[PDB]
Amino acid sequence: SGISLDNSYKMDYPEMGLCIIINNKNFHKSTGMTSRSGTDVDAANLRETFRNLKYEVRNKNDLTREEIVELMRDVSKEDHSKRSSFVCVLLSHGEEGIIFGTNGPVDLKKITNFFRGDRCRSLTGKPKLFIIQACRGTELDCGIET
């Protein structure tokens, strides 16, 4: 055939892929973390937005640190051969490099490692997108007038 460049990911597989949305609104009292009001608005907006992009959306609510890890592990073990990509959205409290389950923290690295090129072969060479709505610290941007 003609010149082939391969500058963009192949996104015409039978399926666009999964869009896992983890929406944590209510946290265990012992954690002392406040409920994240308005997060359901985000969860619904995302479900609809990615639905229109043809992603197989799966919404999960108020997951403990254990359930988050179990979910990601199970999802990474699925056969993504016929899927073009993978998307995971995390909505929760957090700190730098951390996302909070309802009962404690989860290192983001632990979550993403399940999808490493050598650990999830059916996603090797395919885009793995992690969208993170959570604090990365306590600094505040005072901004500057334009």
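All residue numbers refer to positions in the sequence shown, first residue = 1.
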item	value
132-140 set against 21-29, stretch whose average Cα temperature factor tops the other in the entry	21-29
Residue stretch of maximal mean CA temperature factor, 38-46 vs 82-90	38-46
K110 - which third its CA temperature factor falls in, relative to the rest of the chain	highest
Chain-relative CA temperature factor third for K54	lowest
